[PDB]
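Text of the file run05.txt, holding compact mmCIF, N, CA, C and O atoms:
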# COMPACT_ATOMS: atom_id res chain seq x y z
N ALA G 236 -29.03 30.20 48.15
CA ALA G 236 -28.04 30.55 49.16
C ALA G 236 -26.65 30.11 48.74
O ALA G 236 -25.68 30.85 48.94
N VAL G 237 -26.53 28.91 48.18
CA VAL G 237 -25.22 28.45 47.71
C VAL G 237 -24.68 29.39 46.65
O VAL G 237 -23.51 29.81 46.69
N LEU G 238 -25.53 29.76 45.68
CA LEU G 238 -25.08 30.66 44.62
C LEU G 238 -24.67 32.01 45.18
O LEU G 238 -23.65 32.57 44.77
N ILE G 239 -25.44 32.56 46.12
CA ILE G 239 -25.15 33.89 46.63
C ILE G 239 -23.88 33.89 47.46
O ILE G 239 -23.06 34.81 47.35
N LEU G 240 -23.68 32.88 48.31
CA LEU G 240 -22.43 32.82 49.07
C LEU G 240 -21.23 32.61 48.15
O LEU G 240 -20.17 33.20 48.38
N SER G 241 -21.38 31.79 47.11
CA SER G 241 -20.26 31.60 46.18
C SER G 241 -19.93 32.88 45.43
O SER G 241 -18.76 33.15 45.15
N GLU G 242 -20.95 33.67 45.07
CA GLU G 242 -20.69 34.93 44.38
C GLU G 242 -20.17 36.00 45.33
O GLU G 242 -19.45 36.91 44.90
N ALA G 243 -20.54 35.94 46.61
CA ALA G 243 -20.07 36.93 47.57
C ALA G 243 -18.65 36.65 48.03
O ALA G 243 -17.92 37.59 48.36
N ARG G 244 -18.25 35.38 48.09
CA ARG G 244 -16.87 35.08 48.45
C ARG G 244 -15.90 35.68 47.44
O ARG G 244 -14.80 36.10 47.80
N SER G 245 -16.30 35.71 46.16
CA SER G 245 -15.47 36.34 45.14
C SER G 245 -15.33 37.84 45.39
O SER G 245 -14.23 38.40 45.24
N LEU G 246 -16.41 38.51 45.78
CA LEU G 246 -16.36 39.94 46.03
C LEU G 246 -15.47 40.29 47.21
O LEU G 246 -14.96 41.41 47.28
N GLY G 247 -15.27 39.36 48.13
CA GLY G 247 -14.41 39.60 49.28
C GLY G 247 -15.17 39.97 50.53
O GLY G 247 -14.76 40.87 51.27
N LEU G 248 -16.29 39.29 50.79
CA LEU G 248 -17.10 39.53 51.97
C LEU G 248 -17.10 38.34 52.93
O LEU G 248 -18.02 38.21 53.74
N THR G 249 -16.10 37.47 52.84
CA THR G 249 -16.09 36.25 53.64
C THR G 249 -14.72 36.05 54.28
O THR G 249 -14.12 34.98 54.21
N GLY G 250 -14.20 37.09 54.92
CA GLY G 250 -12.94 37.03 55.63
C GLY G 250 -13.11 36.60 57.07
O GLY G 250 -14.13 36.03 57.46
N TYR G 251 -12.07 36.86 57.86
CA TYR G 251 -12.12 36.53 59.29
C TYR G 251 -13.13 37.38 60.05
O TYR G 251 -13.50 37.02 61.16
N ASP G 252 -13.57 38.50 59.47
CA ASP G 252 -14.41 39.45 60.20
C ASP G 252 -15.71 39.72 59.46
O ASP G 252 -16.09 40.88 59.27
N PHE G 253 -16.39 38.67 59.03
CA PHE G 253 -17.70 38.78 58.38
C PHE G 253 -18.55 37.61 58.83
O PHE G 253 -18.20 36.46 58.56
N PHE G 254 -19.65 37.89 59.52
CA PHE G 254 -20.49 36.86 60.11
C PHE G 254 -21.81 36.77 59.35
O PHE G 254 -22.53 37.77 59.23
N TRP G 255 -22.14 35.58 58.87
CA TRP G 255 -23.38 35.33 58.15
C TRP G 255 -24.34 34.57 59.05
O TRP G 255 -23.93 33.67 59.79
N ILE G 256 -25.62 34.93 58.98
CA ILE G 256 -26.66 34.28 59.78
C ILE G 256 -27.82 33.93 58.86
O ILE G 256 -28.28 34.77 58.08
N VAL G 257 -28.29 32.69 58.93
CA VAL G 257 -29.31 32.21 58.00
C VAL G 257 -30.36 31.40 58.75
O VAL G 257 -30.06 30.72 59.74
N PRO G 258 -31.61 31.45 58.28
CA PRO G 258 -32.69 30.71 58.95
C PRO G 258 -32.60 29.20 58.81
O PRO G 258 -31.63 28.69 58.25
N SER G 259 -33.60 28.49 59.33
CA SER G 259 -33.55 27.03 59.31
C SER G 259 -33.57 26.48 57.89
O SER G 259 -32.82 25.57 57.56
N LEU G 260 -34.42 27.05 57.03
CA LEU G 260 -34.61 26.48 55.70
C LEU G 260 -33.36 26.58 54.84
O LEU G 260 -33.29 25.93 53.79
N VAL G 261 -32.37 27.38 55.24
CA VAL G 261 -31.10 27.41 54.52
C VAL G 261 -30.24 26.22 54.91
O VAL G 261 -29.41 25.76 54.12
N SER G 262 -30.41 25.70 56.12
CA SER G 262 -29.66 24.56 56.64
C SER G 262 -30.60 23.57 57.30
O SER G 262 -30.38 23.11 58.42
N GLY G 263 -31.67 23.22 56.60
CA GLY G 263 -32.79 22.53 57.19
C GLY G 263 -32.72 21.02 57.28
O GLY G 263 -33.71 20.41 57.70
N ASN G 264 -31.61 20.40 56.91
CA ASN G 264 -31.52 18.94 57.00
C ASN G 264 -30.23 18.48 57.66
O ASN G 264 -30.18 17.38 58.21
N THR G 265 -29.18 19.31 57.59
CA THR G 265 -27.84 18.96 58.05
C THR G 265 -27.29 17.74 57.32
O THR G 265 -27.98 17.14 56.49
N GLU G 266 -26.03 17.40 57.59
CA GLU G 266 -25.31 16.27 57.00
C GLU G 266 -25.33 16.25 55.47
O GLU G 266 -24.93 15.27 54.85
N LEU G 267 -25.75 17.36 54.85
CA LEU G 267 -25.61 17.56 53.41
C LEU G 267 -25.07 18.95 53.13
O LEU G 267 -25.61 19.70 52.31
N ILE G 268 -24.01 19.32 53.83
CA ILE G 268 -23.40 20.64 53.71
C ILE G 268 -22.71 20.76 52.36
O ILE G 268 -21.82 19.96 52.05
N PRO G 269 -23.06 21.75 51.55
CA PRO G 269 -22.41 21.89 50.24
C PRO G 269 -20.96 22.35 50.36
O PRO G 269 -20.44 22.49 51.47
N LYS G 270 -20.31 22.57 49.22
CA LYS G 270 -18.92 23.01 49.22
C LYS G 270 -18.76 24.49 49.56
O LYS G 270 -17.72 24.87 50.11
N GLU G 271 -19.75 25.32 49.26
CA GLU G 271 -19.60 26.76 49.32
C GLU G 271 -19.96 27.36 50.67
O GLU G 271 -19.85 28.57 50.84
N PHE G 272 -20.39 26.55 51.63
CA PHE G 272 -20.73 27.07 52.95
C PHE G 272 -19.46 27.36 53.73
O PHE G 272 -18.66 26.45 53.96
N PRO G 273 -19.24 28.60 54.17
CA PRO G 273 -18.04 28.89 54.98
C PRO G 273 -18.15 28.31 56.38
O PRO G 273 -19.15 27.68 56.71
N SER G 274 -17.13 28.52 57.20
CA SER G 274 -17.16 28.08 58.59
C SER G 274 -17.59 29.24 59.47
O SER G 274 -16.90 30.26 59.54
N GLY G 275 -18.73 29.09 60.14
CA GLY G 275 -19.24 30.15 60.97
C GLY G 275 -20.64 30.58 60.61
O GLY G 275 -21.05 31.70 60.91
N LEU G 276 -21.39 29.70 59.95
CA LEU G 276 -22.79 29.97 59.61
C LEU G 276 -23.64 29.80 60.86
O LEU G 276 -24.07 28.69 61.18
N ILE G 277 -23.90 30.89 61.56
CA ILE G 277 -24.76 30.84 62.74
C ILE G 277 -26.20 30.70 62.28
O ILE G 277 -26.84 31.68 61.90
N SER G 278 -26.73 29.48 62.30
CA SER G 278 -28.06 29.20 61.78
C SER G 278 -28.88 28.48 62.84
O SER G 278 -28.42 27.48 63.40
N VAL G 279 -30.08 28.97 63.09
CA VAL G 279 -30.99 28.29 64.00
C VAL G 279 -31.72 27.19 63.25
O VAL G 279 -31.87 27.25 62.02
N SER G 280 -32.17 26.17 63.97
CA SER G 280 -32.85 25.05 63.34
C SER G 280 -33.58 24.25 64.40
O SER G 280 -33.37 24.43 65.60
N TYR G 281 -34.46 23.36 63.94
CA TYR G 281 -35.15 22.46 64.85
C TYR G 281 -34.16 21.45 65.43
O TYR G 281 -33.08 21.24 64.87
N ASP G 282 -34.54 20.84 66.55
CA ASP G 282 -33.62 20.07 67.37
C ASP G 282 -32.82 19.07 66.54
O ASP G 282 -33.39 18.23 65.85
N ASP G 283 -31.50 19.20 66.61
CA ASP G 283 -30.63 18.45 65.71
C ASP G 283 -30.71 16.95 65.97
O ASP G 283 -31.25 16.20 65.16
N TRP G 284 -30.18 16.50 67.11
CA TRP G 284 -30.16 15.07 67.42
C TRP G 284 -30.57 14.72 68.84
O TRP G 284 -30.81 13.54 69.11
N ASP G 285 -30.65 15.68 69.77
CA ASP G 285 -31.09 15.34 71.12
C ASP G 285 -32.53 14.84 71.12
O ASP G 285 -32.86 13.89 71.84
N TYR G 286 -33.39 15.45 70.31
CA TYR G 286 -34.74 14.95 70.06
C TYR G 286 -34.63 13.86 69.00
O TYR G 286 -34.99 14.04 67.83
N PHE V 186 6.18 56.29 36.63
CA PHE V 186 5.98 57.73 36.52
C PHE V 186 4.72 58.17 37.26
O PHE V 186 4.73 59.20 37.94
N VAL V 187 3.63 57.41 37.12
CA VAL V 187 2.41 57.78 37.83
C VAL V 187 2.62 57.71 39.33
O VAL V 187 2.19 58.61 40.08
N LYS V 188 3.29 56.67 39.81
CA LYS V 188 3.52 56.53 41.25
C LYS V 188 4.44 57.61 41.78
O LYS V 188 4.30 58.03 42.93
N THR V 189 5.40 58.07 40.98
CA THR V 189 6.27 59.16 41.42
C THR V 189 5.53 60.48 41.46
O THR V 189 5.66 61.25 42.42
N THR V 190 4.73 60.78 40.43
CA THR V 190 3.99 62.03 40.41
C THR V 190 2.96 62.09 41.53
O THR V 190 2.78 63.13 42.16
N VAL V 191 2.29 60.97 41.81
CA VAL V 191 1.21 60.97 42.80
C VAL V 191 1.76 61.24 44.19
O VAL V 191 1.22 62.06 44.94
N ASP V 192 2.85 60.57 44.56
CA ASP V 192 3.39 60.63 45.92
C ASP V 192 4.34 61.80 46.12
O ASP V 192 5.18 61.76 47.03
N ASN V 193 4.25 62.83 45.29
CA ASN V 193 5.15 63.98 45.39
C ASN V 193 4.46 65.33 45.33
O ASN V 193 5.00 66.30 45.86
N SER V 194 3.26 65.43 44.75
CA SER V 194 2.59 66.71 44.60
C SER V 194 1.93 67.13 45.91
O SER V 194 2.09 66.49 46.95
N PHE V 195 1.16 68.22 45.84
CA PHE V 195 0.52 68.80 47.02
C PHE V 195 -0.98 68.56 47.09
O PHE V 195 -1.54 68.67 48.19
N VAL V 196 -1.64 68.26 45.97
CA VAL V 196 -3.10 68.21 45.95
C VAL V 196 -3.61 67.11 46.86
O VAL V 196 -4.59 67.30 47.60
N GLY V 197 -2.98 65.94 46.83
CA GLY V 197 -3.40 64.83 47.65
C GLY V 197 -4.19 63.82 46.85
O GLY V 197 -5.39 63.98 46.63
N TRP V 198 -3.51 62.76 46.42
CA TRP V 198 -4.09 61.74 45.56
C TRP V 198 -4.20 60.44 46.34
O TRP V 198 -3.22 60.00 46.94
N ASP V 199 -5.39 59.85 46.35
CA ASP V 199 -5.61 58.57 47.01
C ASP V 199 -5.69 57.48 45.95
O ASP V 199 -6.77 57.06 45.53
N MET V 200 -4.53 57.01 45.51
CA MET V 200 -4.49 55.92 44.54
C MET V 200 -4.87 54.62 45.23
O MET V 200 -4.16 54.16 46.13
N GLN V 201 -5.98 54.03 44.81
CA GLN V 201 -6.52 52.88 45.53
C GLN V 201 -5.76 51.60 45.18
O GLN V 201 -5.16 50.97 46.06
N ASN V 202 -5.78 51.20 43.92
CA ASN V 202 -5.24 49.92 43.51
C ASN V 202 -4.37 50.08 42.28
O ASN V 202 -4.54 51.01 41.49
N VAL V 203 -3.43 49.16 42.12
CA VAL V 203 -2.70 48.97 40.87
C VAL V 203 -2.86 47.51 40.47
O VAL V 203 -2.48 46.60 41.21
N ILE V 204 -3.47 47.29 39.30
CA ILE V 204 -3.80 45.96 38.82
C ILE V 204 -2.95 45.69 37.58
O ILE V 204 -2.85 46.55 36.70
N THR V 205 -2.34 44.52 37.52
CA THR V 205 -1.57 44.10 36.35
C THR V 205 -2.11 42.75 35.92
O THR V 205 -1.58 41.70 36.30
N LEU V 206 -3.16 42.77 35.11
CA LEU V 206 -3.82 41.54 34.67
C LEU V 206 -3.11 41.01 33.43
O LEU V 206 -3.24 41.57 32.34
N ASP V 207 -2.34 39.95 33.62
CA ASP V 207 -1.52 39.35 32.58
C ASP V 207 -2.25 38.17 31.94
O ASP V 207 -3.46 37.98 32.11
N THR V 208 -1.50 37.37 31.17
CA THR V 208 -1.99 36.19 30.46
C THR V 208 -3.03 36.57 29.42
O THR V 208 -3.21 37.75 29.11
N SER V 209 -3.71 35.57 28.86
CA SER V 209 -4.80 35.81 27.92
C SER V 209 -6.06 36.30 28.62
O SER V 209 -6.99 36.74 27.93
N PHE V 210 -6.11 36.23 29.95
CA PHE V 210 -7.22 36.71 30.78
C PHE V 210 -8.57 36.35 30.17
O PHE V 210 -9.47 37.18 30.04
N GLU V 211 -8.72 35.07 29.82
CA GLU V 211 -9.92 34.61 29.14
C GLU V 211 -11.18 34.82 29.99
O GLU V 211 -12.03 35.64 29.63
N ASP V 212 -11.31 34.11 31.10
CA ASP V 212 -12.43 34.35 32.01
C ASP V 212 -11.99 34.36 33.46
O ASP V 212 -12.63 35.00 34.30
N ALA V 213 -10.91 33.65 33.78
CA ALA V 213 -10.54 33.45 35.18
C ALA V 213 -9.95 34.71 35.80
O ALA V 213 -10.55 35.31 36.70
N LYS V 214 -8.78 35.13 35.31
CA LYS V 214 -8.06 36.21 35.96
C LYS V 214 -8.82 37.53 35.89
O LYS V 214 -8.90 38.26 36.88
N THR V 215 -9.38 37.84 34.72
CA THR V 215 -10.13 39.08 34.56
C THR V 215 -11.25 39.18 35.59
O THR V 215 -11.34 40.16 36.33
N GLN V 216 -12.09 38.15 35.67
CA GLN V 216 -13.24 38.22 36.55
C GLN V 216 -12.83 38.19 38.02
O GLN V 216 -13.42 38.90 38.84
N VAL V 217 -11.83 37.38 38.37
CA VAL V 217 -11.47 37.30 39.78
C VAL V 217 -10.70 38.53 40.26
O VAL V 217 -10.68 38.79 41.46
N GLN V 218 -10.09 39.30 39.35
CA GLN V 218 -9.26 40.42 39.77
C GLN V 218 -9.89 41.79 39.55
O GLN V 218 -9.54 42.73 40.27
N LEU V 219 -10.79 41.92 38.58
CA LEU V 219 -11.40 43.21 38.28
C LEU V 219 -12.55 43.57 39.20
O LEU V 219 -13.07 44.68 39.11
N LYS V 220 -12.96 42.66 40.09
CA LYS V 220 -14.12 42.90 40.93
C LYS V 220 -13.81 43.77 42.14
O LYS V 220 -14.75 44.14 42.86
N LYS V 221 -12.55 44.10 42.39
CA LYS V 221 -12.20 44.93 43.54
C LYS V 221 -12.29 46.42 43.24
O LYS V 221 -12.64 47.20 44.13
N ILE V 222 -11.98 46.83 42.01
CA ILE V 222 -11.97 48.24 41.66
C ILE V 222 -13.39 48.76 41.61
O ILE V 222 -14.14 48.47 40.66
N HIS V 223 -13.79 49.52 42.62
CA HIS V 223 -15.10 50.16 42.64
C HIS V 223 -14.97 51.63 42.99
O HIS V 223 -15.83 52.21 43.68
N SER V 224 -13.90 52.26 42.53
CA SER V 224 -13.73 53.70 42.64
C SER V 224 -14.46 54.38 41.48
O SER V 224 -15.27 53.76 40.79
N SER V 225 -14.20 55.67 41.26
CA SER V 225 -14.92 56.42 40.25
C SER V 225 -14.10 56.74 39.00
O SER V 225 -14.69 57.09 37.98
N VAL V 226 -12.77 56.64 39.06
CA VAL V 226 -11.92 56.94 37.92
C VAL V 226 -10.99 55.76 37.68
O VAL V 226 -10.36 55.27 38.62
N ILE V 227 -10.91 55.31 36.43
CA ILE V 227 -10.07 54.19 36.04
C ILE V 227 -9.11 54.66 34.96
O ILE V 227 -9.53 55.32 34.01
N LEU V 228 -7.84 54.32 35.11
CA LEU V 228 -6.78 54.78 34.21
C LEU V 228 -6.24 53.57 33.45
O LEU V 228 -5.27 52.94 33.86
N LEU V 229 -6.88 53.25 32.33
CA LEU V 229 -6.49 52.09 31.55
C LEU V 229 -5.18 52.34 30.81
O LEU V 229 -4.81 53.48 30.52
N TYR V 230 -4.47 51.25 30.51
CA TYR V 230 -3.27 51.32 29.67
C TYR V 230 -3.09 49.96 29.01
O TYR V 230 -2.66 49.01 29.67
N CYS V 231 -3.38 49.87 27.72
CA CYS V 231 -3.28 48.60 27.02
C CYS V 231 -3.21 48.86 25.52
O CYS V 231 -3.38 49.99 25.07
N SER V 232 -2.95 47.80 24.77
CA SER V 232 -3.05 47.88 23.32
C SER V 232 -4.51 48.02 22.92
O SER V 232 -5.41 47.98 23.75
N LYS V 233 -4.75 48.18 21.62
CA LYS V 233 -6.12 48.40 21.16
C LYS V 233 -7.00 47.18 21.43
O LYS V 233 -8.09 47.31 22.01
N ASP V 234 -6.55 46.00 21.03
CA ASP V 234 -7.37 44.80 21.16
C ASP V 234 -7.62 44.45 22.62
O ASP V 234 -8.75 44.13 23.01
N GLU V 235 -6.58 44.49 23.45
CA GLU V 235 -6.78 44.27 24.87
C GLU V 235 -7.71 45.32 25.45
O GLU V 235 -8.50 45.02 26.35
structure tokens encoding of this file:
Amino acid sequence: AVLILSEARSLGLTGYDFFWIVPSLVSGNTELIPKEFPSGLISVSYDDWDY
Amino acid sequence: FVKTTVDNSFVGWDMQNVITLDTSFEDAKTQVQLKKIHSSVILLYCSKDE
């Protein structure tokens, strides 16, 4: 996922009007967000911290 | 000359991009700038080695 987002940002698919959605296993631990993740990754996951 | 001919005739030309890739264009500028042109006709203009 990191490689694909980094290669897609170059192509020009990560502007103000492009929404990416990814499953839990793409963001399955939190607090270890890489450099290439844009702002606006709508990703579902198991209960973050309330549980 | 190309820009004058295109914007003056009757046929109707949709010139998409004009790219001026300068420097030695080793890996950075070439790759970051050539990825936008995805039309069907390309009009190159350079020396032999370039």
Seminar exercise, completed: With distances taken over only C-alpha atoms, the candidate from G:268, G:257, G:279, G:246 nearest chain V is G:246
For this session: Check every residue of chain V for an atom within 7 Å of chain G, counting only N, CA, C and O atoms, and provide those that qualify as a ChimeraX atom specification.
Result: /V:216-217,220-221
For this session: Return as a PyMOL selection string the full set of residues in chain V whose backbone-based DSSP assignment is helix (DSSP H, G or I).
Result: chain V and resi 187-191+213-218
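CA of residue 201 in chain V lies 7.8 Å from CA of residue 224 in chain V.
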Exercise. Nearest to residue 229 in chain V among V:211, V:203, V:186, V:192, with distances taken over only C-alpha atoms: which residue is it?
Worked result: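 When distances to residue 229 in chain V are compared using only C-alpha atoms, the smallest one comes from V:203.
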Exercise. Leaving out range 270-272 of chain G and any residue of its chain fewer than 5 positions from it, which residues lie within 8 Å of it when counting all atoms listed in the file, given as a VMD selection string?
Worked result: chain G and resid 236 to 242 244
For this session: Considering all atoms listed in the file, state which residue in the set G:284, G:262, G:267, G:274 is at the smallest distance from residue 250 in chain G.
Result: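 Once distances to residue 250 in chain G are computed over all atoms listed in the file, the minimum belongs to G:274.
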